[PDB]
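Peer 1: Have a look at this one before I ask anything.
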Protein chains: 2
Amino acid sequence: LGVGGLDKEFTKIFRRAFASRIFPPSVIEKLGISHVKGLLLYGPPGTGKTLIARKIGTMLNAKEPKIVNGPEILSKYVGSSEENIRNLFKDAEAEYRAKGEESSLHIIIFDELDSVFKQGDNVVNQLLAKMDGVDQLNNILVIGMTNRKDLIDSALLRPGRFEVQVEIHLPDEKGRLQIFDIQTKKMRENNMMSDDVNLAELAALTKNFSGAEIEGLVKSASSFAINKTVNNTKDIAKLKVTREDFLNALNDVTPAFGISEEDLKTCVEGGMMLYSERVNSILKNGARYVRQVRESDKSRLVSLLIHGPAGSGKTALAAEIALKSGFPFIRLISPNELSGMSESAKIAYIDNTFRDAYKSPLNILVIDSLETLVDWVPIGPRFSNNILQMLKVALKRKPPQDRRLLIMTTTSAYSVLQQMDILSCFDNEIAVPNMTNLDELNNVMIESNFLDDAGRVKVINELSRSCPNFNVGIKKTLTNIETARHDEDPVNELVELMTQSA
Amino acid sequence: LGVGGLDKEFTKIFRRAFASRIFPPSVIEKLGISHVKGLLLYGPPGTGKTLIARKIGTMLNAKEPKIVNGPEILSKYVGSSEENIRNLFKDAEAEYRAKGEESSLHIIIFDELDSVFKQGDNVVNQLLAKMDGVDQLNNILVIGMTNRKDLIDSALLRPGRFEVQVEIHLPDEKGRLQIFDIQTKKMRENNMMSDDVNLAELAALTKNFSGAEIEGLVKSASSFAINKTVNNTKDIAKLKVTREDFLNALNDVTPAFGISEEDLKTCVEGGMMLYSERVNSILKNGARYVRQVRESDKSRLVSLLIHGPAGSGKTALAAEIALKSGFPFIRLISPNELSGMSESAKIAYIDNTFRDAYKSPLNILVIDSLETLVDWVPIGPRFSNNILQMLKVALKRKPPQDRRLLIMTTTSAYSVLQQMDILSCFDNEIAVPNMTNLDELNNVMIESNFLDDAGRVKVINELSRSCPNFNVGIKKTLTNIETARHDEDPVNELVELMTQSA
Ligand SMILES: Nc1ncnc2c1ncn2[C@@H]1O[C@H](COP(=O)(O)OP(=O)(O)OP(=O)(O)O)[C@@H](O)[C@H]1O
Ligand SMILES: Nc1ncnc2c1ncn2[C@@H]1O[C@H](COP(=O)(O)OP(=O)(O)OP(=O)(O)O)[C@@H](O)[C@H]1O
Ligand SMILES: Nc1ncnc2c1ncn2[C@@H]1O[C@H](COP(=O)(O)OP(=O)(O)O)[C@@H](O)[C@H]1O
Ligand SMILES: Nc1ncnc2c1ncn2[C@@H]1O[C@H](COP(=O)(O)OP(=O)(O)O)[C@@H](O)[C@H]1O
Ligand SMILES: [Mg+2]
Ligand SMILES: [Mg+2]
């Protein structure tokens, strides 16, 4: 018909909101019931709600549905906004007086309803008067659409007002396979598509797209082919799209609910070298925890804590573990996102990230430098309590309806966290120590291409008796080598720096 | 065509935004796609965005693009602002009814979009109504322009609304070389430009100029030549713009993203003498770091801490290191800039400086008297936490897209910084001591030309057993010597002053 991926939500709507309209009024009045005048649809944007609303009416051959926007009403002058509501229902009032109860069905669509409640009341009262009060009108059917159900006051959900509610979900694999066919029907119908394109492969490559994203993907793929000929020319009739066009167009559309690849990849990883036996164990534990949350239905929430001294390599390990998992959804919260905001904005952003995290089969969240997010300074001590409470409540909530996520958080102030008494929110703890032997330094120098062995041996020979038990991190060790490489006497300068660092 | 240095951006814009308009409607209807209606361009000011818009306008032979300014509408009265937006789309609406889908293209330009969000809702809602609502027009194409992308909320970036986004960068060598030719074509083609002028040299001398600065440079150069034939005619046949005029004009136009030469040179430096080996060591270390930052891909962020007793001479060393580097971009933040402002003003100033720092291939930043910027007083103790957190966050963020900068900060309260546990933000530390030996005093005496060798040795021979172990800084020594110079008996005054100094 034009819709795809919605089959158990199409029957439920039709059974209740439209089944009684088909039969003649005689039998309906014989039973002694009344028609429904409300319907609510909620879900993420770009999923196909207005499409359902417009497509359903075609079966009943009703009038073209009118459309109104909440912010449109809010932004106008007070008097005009007050007057518009009565103007909206004029034709329905006229038709009822004209033709009694045998009038045709009229549909009114109200979009972005929640905006009215976000702070207005005149609009709500006038709207409810036409459908519940003694001015009851028996021709209308109102459709409501919101992205947040929890903001709608319970007064509107009692019987007689918006009596039926439905939810729309992101499409699954079969939904995407159907949507691709629906979108490319006309293109295929005119022999303008190559025969080497397989829609099954595309159904799997596009992993977490919504309905709207596929349209843009197809449009970009078509544009790729169109631009191939211009500069207006002959033989346009031989135009054809190809698999390579789709593959290249896949690089221009980045979906929401996707991977923030740029940050995790560049900002967080500038090398990775195995210099000790502890790193392998840490990575193996990370891989095991990743596997546990993909093949088990008794664990839908796992949280960790990676602590240690400063400049040890926590964030790089967390990012490395996250990158190799392969989950569709990955995000991180770090101080760089929250710089320059006010407290309320920070709370709103933190809440919104978690709220968006509850709409995918699998998810991963990273929380970097927890002690900085709270503005901790030991002189007072001074810190923000509201953010701490929000994080404490959030780190233990379970996602709804058989969904699962994995949280990894880093810190360097273990004692401070122990004082605040929020150490019971975590399921396990991992420690990252410093370097404490010359063999690890030798491995690091070898793997960084410092210089030939003849020069490498001398540094260790001198440091053996100059400083036996140095205790330095990896981040500073990788910085000393870089600056010593540029000196005129690298061998002595590296030892001089390392002695001070210890 | 008229624009130089933006080939790839031009190709990307043309492929997506305008390609679909060339083909006849039949094939486009055959494919089953729709034309795009949005395009966003962002970058630094004075780079050639509206020039690109105008130049693209002529190829399709569309109507002359309208231009509207954000502040103009925003500041105007409420009623007039609400009413005047409808005036903009009148012609496009009329043409649609007149000629169906065969109508010509109409381009509308919206300038300074972000200004609407900096606080307006009615304008945005009305604008979106014409391109996303049921009253959509198929002839329009809206161009947006902004300098800060972060301020635009995500709601406007989803498919259907502004859908394609592009960035504009400052020109490089070849860009300036092409722009010079484009600007001086008319002078060259009329035998009004001397043959001794070489454009390649000017392309390399101007190191961080944008498009408009070159226009200004050419205008100043032409004015220089024009002014030499007044106090009058008969020179209107042998009028040429020689090379000297351009070199003189180079000293008249100062670009943004340049060097604040006066502040670094005059106020901060008032002498530099080598009275010890440690000074040479410090200078050599500074040079080593400077040349490290320039020739590496692993290190794109280096921060140092220079500390010592009060009056040791810290700021002069940092200024001397900065001046000898030769980088295109240099700036400093000191209490003098933030005097007389409120807290929010200081935060905004720091944020703007750091944001500006991230738009050049190479950069340097100086921060002077860190403990003073926070308003530290030890009686309470009382200090500002917001500025401290902002600075702590800002000292770790890395520049985007393969760029690099070097930060140098000075302080005299090392213990206080240790108490605030912000010593992990720095990669290396350098300590500057005072003077504690007589040979250094003799060296400064020699360098400052205080007196002949006789009195110079006499003063040392007296202070050898008058006071062997004084402890004084350079700043106070060079103020005592100066006041001793202008007395009638320098030796007796200066020996007593220096003995008291200890
Ligand atoms: N095996 C390794 N483990 C960890 N880090 C490594 C390893 N090999 C190389 N590195 C480098 O170590 C550097 C450590 O930087 P990183 O951002 O992880 O520090 P950090 O511990 O988060 O610092 P801070 O505590 O100051 O926030 C990374 O840039 C990475 O390139
Ligand atoms: N080799 C030198 N090193 C440092 N300062 C020198 C040297 N030769 C001369 N000077 C003079 O030392 C003076 C003191 O330096 P400066 O003005 O930077 O003081 P400061 O350490 O920043 O002061 P304060 O601690 O009060 O902030 C400078 O005016 C400079 O002219
Ligand atoms: N489930 C779906 N099946 C087919 N097409 C869809 C679906 N969802 C969205 N689309 C396409 O996306 C376009 C935009 O949908 P839209 O009206 O924005 O839905 P909503 O606004 O309710 O999210 C429509 O023209 C439609 O063709
Ligand atoms: N890439 C370029 N090539 C040639 N001239 C340029 C370029 N960019 C800017 N200019 C010149 O700078 C002048 C001002 O540019 P302007 O239209 O103000 O750009 P913007 O509106 O983006 O600041 C123009 O008259 C133009 O001649
Ligand atoms: Mg970290
Ligand atoms: Mg100073």
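Following the order of the structure tokens, first chain is A, next is B, and so on, with residues numbered from 1 inside each chain and ligands from 1 in the order they appear.
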Per DSSP on the backbone, what are the helix (DSSP H, G or I) residues of stretch 130-356 of chain B, as a ChimeraX atom specification?
Peer 2: /B:130-132,154-157,173-188,199-205,211-229,243-249,261-267,277-294,314-325,335-338,343-356
Peer 1: Output as an mmCIF file with C-alpha atoms, in the first residue's frame the set of chain B residues within 8 Å of chain A, with distances taken over only C-alpha atoms.
Peer 2:
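Now in iface-v4.cif:
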```cif
data_model
loop_
_atom_site.group_PDB
_atom_site.id
_atom_site.type_symbol
_atom_site.label_atom_id
_atom_site.label_comp_id
_atom_site.auth_asym_id
_atom_site.auth_seq_id
_atom_site.Cartn_x
_atom_site.Cartn_y
_atom_site.Cartn_z
ATOM 1 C CA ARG B 15 27.216 17.942 -7.395
ATOM 2 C CA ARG B 16 24.460 17.880 -4.765
ATOM 3 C CA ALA B 19 22.844 19.161 -10.411
ATOM 4 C CA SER B 20 19.210 18.025 -10.387
ATOM 5 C CA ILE B 22 19.736 21.041 -15.154
ATOM 6 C CA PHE B 23 17.933 17.936 -16.393
ATOM 7 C CA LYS B 30 11.008 9.127 -14.073
ATOM 8 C CA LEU B 31 13.615 8.516 -11.358
ATOM 9 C CA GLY B 32 11.260 9.356 -8.496
ATOM 10 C CA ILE B 33 13.288 11.856 -6.465
ATOM 11 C CA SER B 34 12.914 15.443 -5.261
ATOM 12 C CA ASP B 121 10.893 31.935 17.413
ATOM 13 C CA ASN B 122 8.213 33.358 15.112
ATOM 14 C CA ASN B 125 8.715 28.920 12.533
ATOM 15 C CA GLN B 126 7.502 30.987 9.578
ATOM 16 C CA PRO B 159 16.593 15.513 6.377
ATOM 17 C CA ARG B 288 64.405 22.782 21.448
ATOM 18 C CA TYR B 289 60.701 22.669 22.293
ATOM 19 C CA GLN B 292 60.073 20.057 18.220
ATOM 20 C CA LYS B 298 52.949 12.675 17.194
ATOM 21 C CA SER B 299 53.030 15.850 19.334
ATOM 22 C CA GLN B 389 37.568 25.015 36.070
ATOM 23 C CA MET B 390 37.448 26.706 32.660
ATOM 24 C CA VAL B 393 39.537 22.120 31.035
ATOM 25 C CA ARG B 397 41.844 20.050 24.667
ATOM 26 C CA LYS B 398 43.541 19.224 21.367
ATOM 27 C CA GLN B 419 47.140 22.532 46.777
ATOM 28 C CA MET B 420 44.583 22.878 43.948
ATOM 29 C CA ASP B 421 45.846 19.627 42.333
ATOM 30 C CA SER B 424 48.786 17.123 35.969
ATOM 31 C CA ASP B 427 54.101 18.230 30.561
#
```
Peer 1: Give as a compact mmCIF listing (two decimals) with N, CA and C atoms, in the first residue's frame the residues surrounding ligand 2 up to a distance of 10 Å, considering only C-alpha atoms and all ligand atoms.
Peer 2:
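The resulting file, pocket-v9.txt, is shown below:
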```txt
# COMPACT_ATOMS: atom_id res chain seq x y z
N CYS B 267 56.46 46.44 26.03
CA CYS B 267 56.11 46.44 27.44
C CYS B 267 56.83 45.34 28.21
N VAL B 268 56.93 44.15 27.61
CA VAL B 268 57.41 42.98 28.35
C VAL B 268 58.92 42.85 28.39
N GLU B 269 59.63 43.31 27.36
CA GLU B 269 61.08 43.13 27.27
C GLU B 269 61.74 44.50 27.34
N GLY B 270 62.69 44.65 28.26
CA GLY B 270 63.44 45.88 28.39
C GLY B 270 64.92 45.64 28.61
N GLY B 271 65.42 44.54 28.09
CA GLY B 271 66.81 44.16 28.24
C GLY B 271 66.94 42.65 28.36
N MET B 272 68.07 42.13 27.91
CA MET B 272 68.34 40.70 27.97
C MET B 272 69.85 40.49 27.93
N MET B 273 70.41 40.01 29.04
CA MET B 273 71.85 39.82 29.15
C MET B 273 72.14 38.45 29.73
N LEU B 274 73.26 37.86 29.32
CA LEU B 274 73.64 36.51 29.75
C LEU B 274 74.67 36.62 30.87
N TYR B 275 74.17 36.57 32.10
CA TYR B 275 75.03 36.66 33.28
C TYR B 275 75.28 35.31 33.94
N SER B 276 74.88 34.20 33.32
CA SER B 276 75.08 32.89 33.92
C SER B 276 74.82 31.82 32.86
N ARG B 278 72.81 29.08 33.45
CA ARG B 278 71.44 28.59 33.54
C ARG B 278 70.52 29.32 32.57
N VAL B 279 70.76 30.62 32.36
CA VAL B 279 69.95 31.36 31.40
C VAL B 279 70.11 30.77 30.00
N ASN B 280 71.35 30.47 29.61
CA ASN B 280 71.58 29.86 28.30
C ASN B 280 70.91 28.50 28.21
N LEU B 283 67.18 29.03 27.67
CA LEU B 283 66.90 29.48 26.31
C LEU B 283 67.04 28.33 25.31
N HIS B 307 58.37 28.57 36.73
CA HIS B 307 58.12 29.02 38.10
C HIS B 307 59.42 29.45 38.77
N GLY B 308 59.27 30.23 39.84
CA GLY B 308 60.39 30.72 40.61
C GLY B 308 59.95 31.76 41.62
N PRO B 309 60.90 32.31 42.37
CA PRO B 309 60.56 33.36 43.34
C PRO B 309 60.13 34.64 42.64
N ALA B 310 59.46 35.50 43.41
CA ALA B 310 59.01 36.77 42.87
C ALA B 310 60.19 37.63 42.45
N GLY B 311 60.08 38.25 41.28
CA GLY B 311 61.12 39.11 40.78
C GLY B 311 62.28 38.41 40.12
N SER B 312 62.15 37.12 39.81
CA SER B 312 63.25 36.39 39.18
C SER B 312 63.43 36.76 37.72
N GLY B 313 62.37 37.21 37.05
CA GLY B 313 62.44 37.54 35.64
C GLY B 313 61.83 36.48 34.75
N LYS B 314 60.65 35.98 35.13
CA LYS B 314 59.99 34.90 34.41
C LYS B 314 59.37 35.34 33.08
N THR B 315 58.58 36.42 33.08
CA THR B 315 57.87 36.83 31.88
C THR B 315 58.79 37.21 30.73
N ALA B 316 59.91 37.86 31.01
CA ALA B 316 60.85 38.22 29.96
C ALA B 316 61.38 37.01 29.21
N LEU B 317 61.68 35.91 29.92
CA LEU B 317 62.16 34.71 29.25
C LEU B 317 61.11 34.14 28.31
N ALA B 318 59.86 34.09 28.76
CA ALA B 318 58.79 33.58 27.91
C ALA B 318 58.61 34.45 26.67
N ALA B 319 58.63 35.78 26.86
CA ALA B 319 58.49 36.67 25.71
C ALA B 319 59.66 36.50 24.74
N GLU B 320 60.88 36.37 25.27
CA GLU B 320 62.04 36.20 24.41
C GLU B 320 61.96 34.90 23.62
N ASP B 368 49.95 34.72 31.60
CA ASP B 368 50.80 35.41 32.55
C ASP B 368 50.11 35.52 33.90
N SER B 369 50.83 35.16 34.97
CA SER B 369 50.36 35.33 36.34
C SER B 369 49.04 34.59 36.57
N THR B 372 46.87 35.24 39.67
CA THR B 372 46.17 36.53 39.71
C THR B 372 44.87 36.49 38.92
N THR B 410 53.01 31.20 33.22
CA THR B 410 53.91 31.63 34.28
C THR B 410 53.16 31.76 35.59
N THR B 411 53.86 31.52 36.70
CA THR B 411 53.27 31.61 38.03
C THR B 411 54.38 31.76 39.06
N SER B 412 54.00 32.25 40.24
CA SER B 412 54.92 32.45 41.36
C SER B 412 54.42 31.84 42.66
N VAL B 432 63.38 28.95 37.73
CA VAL B 432 64.30 30.06 37.53
C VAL B 432 64.75 30.57 38.90
N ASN B 434 67.30 32.88 41.73
CA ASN B 434 67.82 34.24 41.90
C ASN B 434 69.35 34.22 41.80
N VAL B 444 76.82 41.62 35.46
CA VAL B 444 75.78 42.60 35.17
C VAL B 444 76.36 44.01 35.21
N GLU B 447 77.99 44.48 31.88
CA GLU B 447 77.03 44.61 30.79
C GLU B 447 76.32 45.95 30.80
N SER B 448 75.97 46.47 31.98
CA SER B 448 75.20 47.70 32.09
C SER B 448 76.05 48.95 31.97
N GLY B 473 67.02 39.37 43.46
CA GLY B 473 66.63 39.09 42.10
C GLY B 473 67.13 40.13 41.11
N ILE B 474 67.01 39.80 39.83
CA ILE B 474 67.53 40.68 38.78
C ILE B 474 66.72 41.98 38.72
N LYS B 475 65.40 41.88 38.87
CA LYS B 475 64.55 43.06 38.67
C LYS B 475 64.90 44.16 39.67
N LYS B 476 65.08 43.80 40.94
CA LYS B 476 65.42 44.81 41.94
C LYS B 476 66.86 45.27 41.81
N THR B 477 67.76 44.39 41.36
CA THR B 477 69.14 44.79 41.16
C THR B 477 69.25 45.86 40.08
N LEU B 478 68.52 45.69 38.97
CA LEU B 478 68.56 46.66 37.89
C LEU B 478 67.79 47.94 38.21
N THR B 479 67.00 47.95 39.28
CA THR B 479 66.39 49.18 39.77
C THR B 479 67.25 49.89 40.79
```
Peer 1: What are the closest atom pairs, with distances in Å to one decimal, for each residue of chain B lying within 7 Å of ligand 4, using only C-alpha atoms and all ligand atoms, rows by chain and rising residue number, as CSV?
Peer 2:
```
residue,atom,partner,partner_atom_place_in_ligand_line,distance
B:2,CA,ligand 4,4 (C),6.4
B:3,CA,ligand 4,3 (N),4.1
B:4,CA,ligand 4,3 (N),4.6
B:5,CA,ligand 4,1 (N),5.7
B:6,CA,ligand 4,1 (N),6.6
B:45,CA,ligand 4,23 (O),4.7
B:46,CA,ligand 4,23 (O),3.2
B:47,CA,ligand 4,8 (N),4.4
B:48,CA,ligand 4,8 (N),3.3
B:49,CA,ligand 4,22 (O),3.9
B:50,CA,ligand 4,21 (O),4.7
B:51,CA,ligand 4,17 (O),5.0
B:179,CA,ligand 4,4 (C),5.1
B:182,CA,ligand 4,4 (C),6.5
B:211,CA,ligand 4,9 (C),4.1
B:212,CA,ligand 4,12 (O),4.2
B:215,CA,ligand 4,12 (O),6.8
```
Peer 1: Write the selection just made, keeping C-alpha atoms, as a CSV table (one decimal), in the first residue's frame?
Peer 2:
```csv
chain,number,residue,atom,x,y,z
B,2,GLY,CA,36.1,34.8,-10.5
B,3,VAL,CA,36.9,32.7,-7.4
B,4,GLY,CA,40.2,31.0,-6.6
B,5,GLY,CA,41.2,28.4,-4.1
B,6,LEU,CA,37.9,26.6,-3.5
B,45,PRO,CA,34.5,36.0,8.2
B,46,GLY,CA,35.7,37.5,5.0
B,47,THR,CA,36.5,34.3,3.1
B,48,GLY,CA,34.2,34.4,0.1
B,49,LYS,CA,30.9,32.7,0.9
B,50,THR,CA,28.4,35.2,-0.6
B,51,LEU,CA,30.7,35.5,-3.6
B,179,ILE,CA,43.7,35.6,-5.6
B,182,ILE,CA,42.4,37.6,-10.0
B,211,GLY,CA,40.5,37.4,0.8
B,212,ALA,CA,39.5,40.9,1.9
B,215,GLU,CA,41.8,43.8,-1.7
```
Peer 1: Pick out the residues sitting within 12 Å of residue A:439, and hand them over as a PyMOL selection string; count only C-alpha atoms, and ignore anything fewer than 6 positions along from it in its own chain.
Peer 2: chain A and resi 275-277+445-446+456-457+459-461+463-464+468-469
Peer 1: Which residue is closest to residue B:56? Choose from B:88, B:177, B:28, B:107 and count only C-alpha atoms.
Peer 2: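 Smallest distance to residue B:56 is found for B:107.
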Peer 1: Give me, please, the distance in Å between atom CA of residue A:257 and atom CA of residue A:359, quoted to one decimal.
Peer 2: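 Atom CA of residue A:359 lies 8.3 Å from atom CA of residue A:257.
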Peer 1: Would you list the contacts of residue B:145 as a PyMOL selection string, taking every protein, DNA or RNA residue within 10 Å and counting only C-alpha atoms, but skipping same-chain residues closer than 3 positions in sequence?
Peer 2: chain B and resi 39-43+49-50+109-114+148-149
